[PDB]
């Protein structure tokens, strides 16, 4: 456990989720874009608290844990790839194969008994839609589709995006993203006026608890997630009042967006259609360490040919990225950061005072608790400990 047992004991409906401060192990996670990693140019990154090294050899990606088995230094301090298929630690020259992590040579002692008898941790790496996904887990990985939202991998779905490091636990990012009522913070986004969007300030729930969402655990692909259906029976708020007097109004644009929002394990949201009626948004909140995450944003738009892909890419740079990914989502960034203090000591998970629209968040917490493939622990980071 990564959290005080007294707290976990109190949270009977989603203790595993609360305990998963470091993220869920045995899931695929996007960490960079294919174009960011060149042939023979190793790149470092931290995923779920683990320091990793990614390299492209003969066009294919390989992932090695960035920590020599010998004295635990990061190989990346001084990269020495002496042959196309290996990397040699700069310290005592222990050499590892990129494909299987096997310690194949030691330049400081070619007669060492450790040669061929030790193996550096490797992780599966797969590129899809110009995105680099890493399976931070053990054993043969499941198909990538299990950890991706519906349609992301569609043949003609052109994926473009942006990635950066955000200072907040991944869970605060997830819940902010799937939060039905947080739409309020986007009321002044330039995207609203500049793209003539229809956007309420919130929702007056309607129907029973079960009707508030659609829990998906019967997906043939294995996907596990939740759909937010607060808008099916709820009355959208377009006139916000105080004391019965209207103080704020929603956006009365013509473009209808986000009629279906869904969150999927290990932590990826799908907003459709967004930021335009003919587009979709897929964003991951990838755990780096307990205090940070990658905010991996992608926008998808069907494209039949290079012409459309080019015009889309062109439109991405000039409008969507600056007006949507940035102009709209930037407020999500400081919103996440604003929740850090309340949850930093883990007490926020007990003292939070939820209201109706949080039913969606609750459903996600339970789904995540029930269908995650493993709880990452600090011991996974330093080295598993046991006595048997």
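Residue numbers count along the first chain shown, from 1.
The mean C-alpha temperature factor is higher for 202 to 210 when 105 to 113 and 202 to 210 are set side by side. Comparing 75 to 83 with 302 to 310, the higher mean C-alpha B-factor in the PDB entry belongs to 302 to 310. The residue among 149, 234, 142, 124 whose C-alpha carries the highest B-factor in the deposited model is 234. Between the residues 276, 181, 168, 164, the entry's highest C-alpha temperature factor is the one at 276. Compared with the other modelled residues of the chain, the Cα B-factor recorded for residue 355 ranks in the middle third.
Ranked by C-alpha B-factor against the other modelled residues of its chain, residue 138 falls in the lowest third. Residue 70 sits in the lowest third of its chain by CA B factor, as recorded in the PDB entry.
When the modelled residues of the chain are ordered by their C-alpha B factor, residue 1 lands in the highest third. In the deposited entry, the Cα temperature factor of residue 323 places it in the highest third of its chain's modelled residues.
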